[PDB]
Colleague: 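This is the structure I want to talk about, given as structure tokens.
Here is how names work: the chains are called A, B, and so on, in the same order as the sequence lines, proteins then strands, and each is numbered from 1.
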Amino acid sequence: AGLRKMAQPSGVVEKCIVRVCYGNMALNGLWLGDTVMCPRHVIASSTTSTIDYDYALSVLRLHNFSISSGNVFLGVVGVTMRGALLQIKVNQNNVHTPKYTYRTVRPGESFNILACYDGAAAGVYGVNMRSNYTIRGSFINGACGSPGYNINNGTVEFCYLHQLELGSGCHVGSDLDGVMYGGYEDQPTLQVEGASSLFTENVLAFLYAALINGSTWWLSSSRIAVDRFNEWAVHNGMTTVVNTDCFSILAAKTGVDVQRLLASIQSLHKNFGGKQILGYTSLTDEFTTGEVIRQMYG
Amino acid sequence: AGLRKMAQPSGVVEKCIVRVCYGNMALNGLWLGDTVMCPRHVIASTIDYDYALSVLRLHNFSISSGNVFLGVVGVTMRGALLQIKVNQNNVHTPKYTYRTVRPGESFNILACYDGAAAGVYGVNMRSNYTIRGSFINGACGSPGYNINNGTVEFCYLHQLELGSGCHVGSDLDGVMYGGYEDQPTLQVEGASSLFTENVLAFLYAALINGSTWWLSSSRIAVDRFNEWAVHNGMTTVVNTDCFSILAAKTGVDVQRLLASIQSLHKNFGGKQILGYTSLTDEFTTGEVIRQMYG
């Protein structure tokens, strides 16, 4: 029993973290094979006006880099721009490089953050990509370059490298192709997070988890059609539900169909009335159907 | 900025997980040096564990690290654990200690199945000596740990789930948290209360992150609050010196936060704090200080 936002074990990723320093900048990089990827902000000088990164790279001195894995220092062979990242060729292969892929995540999907400082992992936690392409992380100074990942079949899927914090304190990364999530700029200038909506399919996953865990007080006897719900959703800060295939297993396990949960969501969106569901006092969209199924049934 | 319940990185513990099978039972063990620790439940069919051990055949154990099987040399009872001596040293054994956690303290759970880590998450020991974990069948023997300056402190091995679905483990000395029994007989969890010193730490994190809507202008003395706490599902406040730096940084004293807690209890759920339930008690003062300041 239980539902917790959990991370996949971080060991295989820990071995890939490096410290990347240039001048007065210090952040984290990801060392895979003979390449280190890090945010290009490390070569910026520095704030608070628009950075010409191409110029910064053109005047770079390779020897001014300090890149290390614990005590092992890496020689820099070459540097190339990769969107919002530097792709740094180093003189050594990371012998502990896991089997890996890159994949850009989409809003509503979950992944793991390995928060790193000074080139060493400090903490690991799960997140879910919001509809405005930000995550609610926890990062302080030095965290840039912390990776996000999923693990499938022992293959590590890297999907995020930490880039910046917005004025409201939420967090934006790029994918490993160097494409910033949400199109935010890796510039010191003013940027505000876009509007966000609760991912209804994730909220549904959470309520199914609640039912599996014996929380049923909030459950409606009423129903509402997906069509009717979707009309209400867009005036009420939640996403539309298009397909319900992802709920077949959970509906079968519980005997509760999506339509009853949608009615429940409507009454729980305003108010939990002083009660809790699995410890929550407000609807959460941080869990996906896949997470819930894996967590309840393996 | 931000506040998240995190786990310390699990890599150093992952290489210590083994699968331990006996008869029809399979669970997880912790392999350190030439010893494997696991819940004694694995040799059970009320249970007389001394009897079960007296008839046990060593060759009936199957202990594996990945596809490598370890030879069993001997077995000794250790409270609710077995200490199993094996014929090989774990060459990836970290520097480690054992320490029993106390209510209100945080640690990390590495949830394991079939002798392999599957998930990692932070927990906090509740006032009734249970944790709010997530574990399904096969999780027994999953370890709890903290990492303190290069040393792994092992503090928990998973033992059982109660009717309410909260979780009980033993320490690595084999002493069951809360005194619950490793028996199939039905047991119910003791009453639990929110850990107030942790709620205080959380509210300080909130202030540091610019959340102030809930902040009372009133004050209540610690001991008078404590009298109220014990009738309102909250623990007493005993330690206050730990809040000194947080009070200094925010300009808010504990007495003001205690009055805020009373008010939050009165419109419970009316608004989130940093996206959490307002009376969140899973973060300790140390956790908060580390996430705010490093």
Colleague: In the structure I gave you, are the side-chain heavy atoms of A/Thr104 and A/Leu176 within less than 4.5 Å of one another anywhere?
Modeller: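 Heavy-atom side-chain distance check fails, nothing below 4.5 Å.
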Colleague: Using a 3.5 Å distance criterion without hydrogens, assess whether the side chain of B/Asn28 forms a donor-acceptor pair with backbone atoms of B/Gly141.
Modeller: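 Such a contact is absent between B/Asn28 side chain and B/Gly141 backbone.
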Colleague: Using a 3.5 Å distance criterion without hydrogens, assess whether the side chain of A/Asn94 forms a donor-acceptor pair with backbone atoms of A/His96.
Modeller: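 The answer is yes, because a donor-acceptor pair under 3.5 Å joins these two groups.
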Colleague: Any non-hydrogen side-chain atom of A/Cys144 less than 4.5 Å from a side-chain atom of A/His162?
Modeller: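 They are in side-chain contact.
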Colleague: State, to 0.1 Å, how close A/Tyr53 and A/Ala44 come at their nearest heavy-atom pair, and which atoms those are.
Modeller: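 For A/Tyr53 versus A/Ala44, the nearest heavy atoms are CE2-CB, 4.1 Å.
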Colleague: B/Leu32 vs B/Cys16, test: side chain to side chain contact (heavy atoms under 4.5 Å, CB included). Steps then yes/no.
Modeller: CA-CA 7 Å; B/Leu32 304 171; B/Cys16 299; 3.8 Å; yes
Colleague: Show the numbers, then the answer: is there a side chain to side chain contact (heavy atoms under 4.5 Å, CB included) between A/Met37 and A/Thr35?
Modeller: CA-CA 7 Å; A/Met37 309 282 202; A/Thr35 296; 4.1 Å; yes
Colleague: Just checking, is any N or O donor in the side chain of A/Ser110 or A/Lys5 under 3.5 Å from an acceptor N or O on the other one?
Modeller: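 There is such a pair between these side chains.
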Colleague: Enter the distance from A/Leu27:CG to A/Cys21:SG here, rounded to the nearest 0.5 Å.
Modeller: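 A/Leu27 atom CG to A/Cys21 atom SG measures 7.5 Å (nearest 0.5 Å).
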Colleague: Quick one: list whatever passes side-chain hydrogen bond (donor to acceptor under 3.5 Å, both in side chains) with A/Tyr149, sequence neighbours left out.
Modeller: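 Here no residue qualifies.
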Colleague: For B/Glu14 and B/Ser10, work out which heavy atoms get closest and say how close.
Modeller: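 Smallest heavy-atom distance, with atoms named: OE2-OG, 2.7 Å.
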Colleague: How far apart are the C-alpha atoms of B/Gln272 and A/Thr281, what are their side-chain angles, what is the distance that settles it, and do they pass the side-chain hydrogen bond (donor to acceptor under 3.5 Å, both in side chains) test?
Modeller: CA-CA 8 Å; B/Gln272 304 298 90; A/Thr281 54; 2.9 Å; yes
Colleague: For the pair A/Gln92 (side chain) and A/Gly75 (backbone), establish whether a donor and an acceptor sit closer than 3.5 Å, ignoring hydrogens and angles.
Modeller: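 Answer holds: no.
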Colleague: Could you pull out the closest heavy-atom pair between A/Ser146 and A/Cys116, with the gap in Å?
Modeller: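 Minimum heavy-atom contact is OG-N, 2.9 Å.
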Colleague: Determine whether more than 12 heavy atoms belonging to other residues, nucleotides or ligands lie under 6.0 Å from atom CG of A/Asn24.
Modeller: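 Atom CG in A/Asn24 is not crowded, with 12 or fewer foreign heavy atoms closer than 6.0 Å.
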Colleague: Under the criterion side-chain hydrogen bond (donor to acceptor under 3.5 Å, both in side chains), I'd like the reasoning laid out for A/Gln87 against A/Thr80: C-alpha separation, chi angles, the key distance, then a yes or no.
Modeller: CA-CA 5 Å; A/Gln87 179 175 340; A/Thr80 189; 5.8 Å; no
Colleague: Would you say A/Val156 and A/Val13 make side-chain contact, with heavy atoms under 4.5 Å?
Modeller: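 SC-SC contact between A/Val156 and A/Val13 confirmed.
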Colleague: Do we see a donor-acceptor contact under 3.5 Å between the side chains of B/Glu105 and B/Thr284?
Modeller: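 Their side chains do not contain a donor-acceptor pair, so the 3.5 Å distance test is not met.
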Colleague: In this structure, is the centre-to-centre distance between the rings of A/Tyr133 and A/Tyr184 below 6.0 Å?
Modeller: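 Not under 6.0 Å, so no.
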Colleague: Output every pair passing ring-ring contact (aromatic ring centres under 6.0 Å, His included) with a member in residues 2-45 of chain A, not counting sequence neighbours, ordered by first then second residue.
Modeller: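 Every pair satisfying ring-ring contact (aromatic ring centres under 6.0 Å, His included) with a residue in residues 2-45 of chain A: A/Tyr22-A/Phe65.
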Colleague: When rounded to the nearest 0.5 angstrom, what is the spacing between SG in B/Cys242 and CD1 in B/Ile289?
Modeller: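 Answer rounded to 0.5 Å: 7.5 Å.
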Colleague: Taking the basic N atoms (NZ, or NE/NH1/NH2) and the acidic carboxylate oxygens, is any pair closer than 4.0 Å for B/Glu153 and B/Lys95?
Modeller: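 No salt bridge links B/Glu153 with B/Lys95.
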Colleague: Would you call the rings of B/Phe107 and B/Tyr156 parallel, tilted or perpendicular, where under 30° means parallel and over 60° means perpendicular?
Modeller: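 B/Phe107 and B/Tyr156: tilted rings.
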Colleague: With the side chain counted from C-beta on, respond yes when B/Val254 and B/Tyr204 share a heavy-atom pair under 4.5 Å apart, and no when they do not.
Modeller: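 A side-chain contact exists here, since the closest heavy-atom pair is under 4.5 Å.
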Colleague: Angle class for the A/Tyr100/A/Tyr102 ring planes (parallel below 30°, perpendicular above 60°, tilted otherwise)?
Modeller: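 If you compare the ring of A/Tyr100 with that of A/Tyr102, the planes turn out tilted.
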Colleague: Do B/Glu287 and B/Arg4 meet the salt-bridge criterion of a basic N to acidic O distance under 4.0 Å?
Modeller: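 No.
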Colleague: Would you compute the distance between atom OG1 of A/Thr284 and atom CG of A/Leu278 and round it to the nearest 0.5 angstrom?
Modeller: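 If I round to the nearest 0.5 Å, the distance is 10.5 Å.
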Colleague: May I ask you to say whether A/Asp175 pairs ionically with A/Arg82, meaning some side-chain N is under 4.0 Å from a carboxylate O?
Modeller: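 No, A/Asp175 and A/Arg82 are not salt-bridged.
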Colleague: Any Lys/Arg nitrogen of A/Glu286 or A/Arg136 sitting under 4.0 Å from an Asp/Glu carboxylate oxygen of the other?
Modeller: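 Here A/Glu286 does not pair with A/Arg136 in a salt bridge, since their nearest N and O are not under 4.0 Å apart.
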Colleague: Using atom types as modelled and distance alone, determine if a side-chain donor or acceptor of A/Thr239 lies under 3.5 Å from a backbone N or O of A/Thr200.
Modeller: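 Side chain of A/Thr239 to backbone of A/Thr200: a pair is present.
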Colleague: Give the ring-plane orientation class for A/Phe206 versus A/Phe287, where under 30° counts as parallel, over 60° as perpendicular and anything between as tilted.
Modeller: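 Parallel: the ring planes of A/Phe206 and A/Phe287 meet at under 30°.
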Colleague: Do B/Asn209 and B/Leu207 come close enough that some side-chain heavy atom pair is under 4.5 Å?
Modeller: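 With C-beta onward as the side chain, the pair stays apart.
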Colleague: With distance as the sole test, does A/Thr97 use its side chain to make a donor-acceptor pair with the main-chain N or O of A/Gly33 at under 3.5 Å?
Modeller: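 Yes; judged by distance alone, with no hydrogens or angles, the pair exists.
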Colleague: Mind listing the closest non-hydrogen atom pair of B/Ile147 and B/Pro9 along with its distance?
Modeller: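 Of all heavy-atom pairs spanning B/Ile147 and B/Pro9, the closest is CD1-O, 3.4 Å.
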Colleague: Would a distance-only check, ignoring hydrogens and angles, find a side-chain to backbone donor-acceptor pair under 3.5 Å from A/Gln163 to A/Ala84?
Modeller: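 Side chain of A/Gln163 to backbone of A/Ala84, a donor-acceptor pair under 3.5 Å: yes, one is there.
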Colleague: For B/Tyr121 together with A/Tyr125, are the ring centres under 6.0 Å from each other?
Modeller: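 Distance test on ring centres: not under 6.0 Å, no.
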Colleague: Check for a donor-acceptor pair, side chain of B/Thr250 on one end and backbone N or O of B/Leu246 on the other, with a separation under 3.5 Å.
Modeller: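 Here the side-chain-to-backbone pair exists.
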Colleague: Is the number of heavy atoms from other residues, nucleotides or ligands within 6.0 Å of CG (A/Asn93) greater than 12?
Modeller: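 Atom CG in A/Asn93 is packed in, count exceeds 12.
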Colleague: Give a yes or no on whether the backbone of A/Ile51 and the side-chain of A/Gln187 come within a donor-acceptor separation of less than 3.5 Å.
Modeller: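 Indeed, once roles are kept as given, a pair shorter than 3.5 Å links the two residues.
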Colleague: Is there a side-chain contact between A/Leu85 and A/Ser174 in this structure, where contact means two heavy atoms from C-beta onward sitting under 4.5 Å apart?
Modeller: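 Yes, close enough: below the 4.5 Å cut-off.
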Colleague: Does a donor on one side chain and an acceptor on the other come within less than 3.5 Å for A/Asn153 and A/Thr155?
Modeller: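 Not at all, the side chains of A/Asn153 and A/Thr155 share no donor-acceptor pair under 3.5 Å.
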Colleague: Backbone N or O of B/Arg19 within a donor-acceptor pair of the B/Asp114 side chain at under 3.5 Å?
Modeller: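 Checked: no pair found.
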Colleague: Rounded to the nearest 0.5 Å, how far does CH2 of B/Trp213 lie from CD1 of B/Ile273?
Modeller: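 Those atoms lie 5.0 Å apart.
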Colleague: Atom CD1 of B/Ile109 and atom CD1 of B/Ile131: how far apart are they, to the nearest 0.5 Å?
Modeller: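 Answer for the CD1-CD1 pair, B/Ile109 versus B/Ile131, is 4.0 Å.
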Colleague: What is the distance from atom CZ of A/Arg40 to atom CG of A/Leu86, rounded to the nearest 0.5 Å?
Modeller: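 These two atoms lie 8.5 Å from each other.
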Colleague: How close do A/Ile67 and A/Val90 get, counting heavy atoms only, and between which atoms?
Modeller: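 Heavy atoms only, the tightest pair is CD1-CG1, 4.4 Å.
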Colleague: Please tell me whether A/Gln295 and B/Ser134 have a donor and an acceptor in their side chains that are separated by less than 3.5 angstrom.
Modeller: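 Looking only at side-chain atoms, B/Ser134 and A/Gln295 do form a donor-acceptor pair, the distance falling under 3.5 Å.
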Colleague: After noting the C-alpha distance and the side-chain angles of A/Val76 and A/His63, does the key distance pass the side chain to side chain contact (heavy atoms under 4.5 Å, CB included) rule?
Modeller: CA-CA 7 Å; A/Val76 175; A/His63 84 263; over 6 Å; no
Colleague: How close do A/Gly194 and A/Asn132 get, counting heavy atoms only, and between which atoms?
Modeller: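 Closest pair (atom of A/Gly194, atom of A/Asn132, distance): O-ND2, 2.8 Å.
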Colleague: Are side-chain heavy atoms of B/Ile17 and B/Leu110 found at a separation under 4.5 Å?
Modeller: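 A side-chain contact exists here, since the closest heavy-atom pair is under 4.5 Å.
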Colleague: How far apart are the C-alpha atoms of A/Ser197 and A/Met238, what are their side-chain angles, what is the distance that settles it, and do they pass the side chain to side chain contact (heavy atoms under 4.5 Å, CB included) test?
Modeller: CA-CA 5 Å; A/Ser197 294; A/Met238 303 192 67; 5.6 Å; no
Colleague: Could you check if a side-chain atom of B/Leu200 sits within less than 4.5 angstrom of a side-chain atom of B/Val237, using non-hydrogen atoms only?
Modeller: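 Result yes, sub-4.5 Å side-chain heavy-atom pair found.
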Colleague: Would you say B/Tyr113's side chain and B/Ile136's backbone share a donor-acceptor pair under 3.5 angstrom?
Modeller: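 Yes: the side chain of B/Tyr113 pairs with the backbone of B/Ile136.
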Colleague: Report yes or no: do B/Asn124 and B/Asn198 form a side-chain donor-acceptor pair below 3.5 Å?
Modeller: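 A pair is found: one side chain offers a donor N or O, the other an acceptor, under 3.5 Å apart.
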